[PDB]
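Beneath this line is the structure, given in structure tokens, with notes to follow.
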Amino acid sequence: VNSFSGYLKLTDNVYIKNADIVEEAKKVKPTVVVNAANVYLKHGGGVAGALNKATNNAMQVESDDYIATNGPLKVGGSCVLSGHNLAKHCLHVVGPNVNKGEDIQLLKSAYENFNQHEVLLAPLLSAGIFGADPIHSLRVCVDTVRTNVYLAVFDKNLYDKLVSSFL
Ligand SMILES: Nc1nc(N)c2ncn(Cc3csc(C4CC4)n3)c2n1
């Protein structure tokens, strides 16, 4: 038993809700919140900009030190950093950005990072400003993630479309 509430159950291990990942995180304090990161951990907009703002820019400060030490992530890769006031940990995952021409097949590699964590609150990778089809992203999530994932979908219209079209 865990503290997530109001989710619809899609599969054995995948759950979905129309919600603000920022407010969902501050209420739940999940062990892991997933950020829709880029390779530079520049948290300027979308989910990343929202999460970073909610941390009072502490996420960005920590991320800049990470990059200065380690260099950029790979597309499809991830790193674990602090969750600040939102979660114990933040798993920064780089899905391919279609608006940069990145290969959508790396979306499966991106979701594989979730399997290193037993339970996660997450957005749909490569959705929103990353330019992928959120319905494809949901299918890849369901077919790749085996751990327990709670997906927060900000847009109510999109949430209803994801549920109604789910096979
Ligand atoms: N659940 C939730 N909460 C927010 N506050 C929010 N903002 C943008 N998106 C959609 C989204 C999913 S992946 C993504 C980035 C790759 C660009 N953007 C949001 N989803």
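Virtual Cβ from ideal backbone geometry, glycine too; neighbours counted across all protein chains shown. No value in this document is a laboratory result; all are computed from the given coordinates.
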Fewest Cβ neighbours within 10 Å first, please rank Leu41, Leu125, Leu151, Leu73 accordingly.
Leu73, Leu41, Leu151, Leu125
About its Cα centre, region 116-167 carries a charge dipole, from +1 on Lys and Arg Cβ atoms and -1 on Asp and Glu Cβ atoms, whose size in debye to the nearest 20 is 40
Take the alpha-carbon positions of region 33-103, form their convex hull, and give its projected area averaged over all directions (one quarter of the hull surface) in nm².
4.3
Find how many whole Å separate the alpha carbon centroid of region 21-96 from the alpha carbon centroid of region 102-134.
14
What's the whole-number percent of alpha carbon pairs in region 1-48 lying beyond 12 angstrom?
70
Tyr40, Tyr159 arranged by Cβ crowding within 10 Å, fewest neighbours leading:
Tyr40, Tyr159
Cα centre as origin, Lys/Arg/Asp/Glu Cβ charges: the chain dipole, Debye:
220
Here the residues of region 1-35 lying in the modelled label zone of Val163, meaning backbone nitrogen under 18 Å from a point 7 Å along Cα-to-Cβ, are 4-21, 24
About the Cα centre of region 87-144, what is the dipole size in debye to 20, counting +1 per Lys and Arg Cβ and -1 per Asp and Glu Cβ, all else neutral?
120
Given the rule -39500 (n - 2.57) for each run of at least 4 DSSP H residues, summed and divided by the residues of the chain, what is its mean residue ellipticity at 222 nm, to the nearest 500 deg cm²/dmol?
-10000 deg cm²/dmol
With the Cα gyration tensor of region 8-165 in hand, convert its eigenvalues to equivalent ellipsoid semi-axes via √(5λ) and list them largest first in whole Å.
22, 18, 14
Exposure proxy check: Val1, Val33 ranked by fewest other beta carbons within 10 Å?
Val1, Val33
Past 20 Å, Cα to Cα, is the threshold; run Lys42/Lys156; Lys9/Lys161; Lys17/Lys156; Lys27/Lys74; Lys74/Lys100; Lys74/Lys108 against it and keep the listed order.
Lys42/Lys156; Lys27/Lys74
